[PDB]
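Shown next as structure tokens: one chain only, the form deposited in one PDB entry.
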């Protein structure tokens, strides 16, 4: 098999004490593939997973719309884990780009891997982030006629925004973060790389570039409550996006077992206060210049969204949340 050292470098194994990797390392087998070799095919039954040492691969998923969604598998990453988590067929076709080496294992070695402390949770989180990219974005039409799309957040949204053309002003950032400075890389990682269970995020785009986001973060002590936050790009404000997003967030919260939303905001934020007032918010003074509220996540019919839109949002939330 491999050396414990050889596994120690894989993403999913970071921080894992050597001892826990012993049998796994002994049980995996070496793999070498040439360039342009198909490793896995979408829809096929599953046996093995692969830990990539070197080289890389294209990942290609054909969705219901018939469009192939493309991604990359890189050195340090596992591939073929999702089918083994779900007992499903392969979610994607995986083809080597350049020559690739690594280690493979079967369902037996996979069982060892998932019981390695901390690892099962990492596998699930990464699987969710991956499957999130295969969700069909939901068309949303604003009152003013603007056509946008609604989808779960993706780790890649950090890069898209930072290098994008959509502007978030100093004022917008202060209203959102209590600082006008551009959000640090560390913060942007935190905002875009999430588990969807405890921390859930919707992104609205123009069909390419993100223009807004909404998130809830489940409270540690009381799982039935979550803290919420919203951001909308300046040019996109005042068009109904925020009002839409609180509804979408409420749909996802229902799937996630979240009964109540908590919020804090500057006392001067009129648009946000108004959005929450619709849902029955009563305001407490928290710090100086900050106010807070708790509201019940609105149930059936008291959302202005309409059934078709509600069902689409519910279907997508479940796809990311419940996939594995």
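Numbering follows the first chain given and starts at 1. In this text, the rigid core denotes the largest set of C-alpha atoms whose superposition between the two forms falls within 1.5 Å.
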Could you check which stretch, 58 to 66 or 294 to 302, carries the larger mean CA temperature factor in the entry?
294 to 302
Would you mind comparing 120 to 128 and 221 to 229 for me and telling me which has the higher average C-alpha temperature factor in the entry?
221 to 229
Per the entry's Cα B factor values, which of 94, 140, 162, 214 stands out as the maximum?
162
Taking the values straight from the PDB record, which of 238, 76, 183, 80 has the highest C-alpha temperature factor?
183
Just say lowest, middle or highest third for the CA B-factor of residue 31 relative to the other modelled residues in its chain.
middle
With respect to C-alpha B-factor, does residue 136 fall in the lowest, middle or highest third of the chain as deposited?
highest
Residue 105's Cα B-factor: lowest, middle or highest third of the chain?
middle
Going by what the PDB entry lists, where does residue 273 fall on CA B-factor within its chain: lowest, middle or highest third?
lowest
Comparing residue 247 with the other modelled residues of its chain, is its CA B-factor in the lowest, middle or highest third?
lowest
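One more form of this protein should be noted, the form deposited in another entry, which is absent from this view; the next part is about it.
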Superposing on the core, which single option in 212, 78, 251, 153 has a CA shift of 2 Å or more between this form and the one not shown?
78
For residue 17, is the C-alpha shift between this form and the one not shown 2 Å or more after core superposition?
yes
Threshold 2 Å Cα movement between this form and the one not shown for residue 134, core superposed
yes
Rigid core superposition, residue 273 Cα moves 2 angstroms or more between this form and the one not shown
no
Working note: in the other entry the C-alpha atoms of residue 128 and residue 254, off by 3 Å or more, come farther
Residue 159 and residue 153, C-alpha gap in the other entry relative to this structure (3 Å or more)
closer
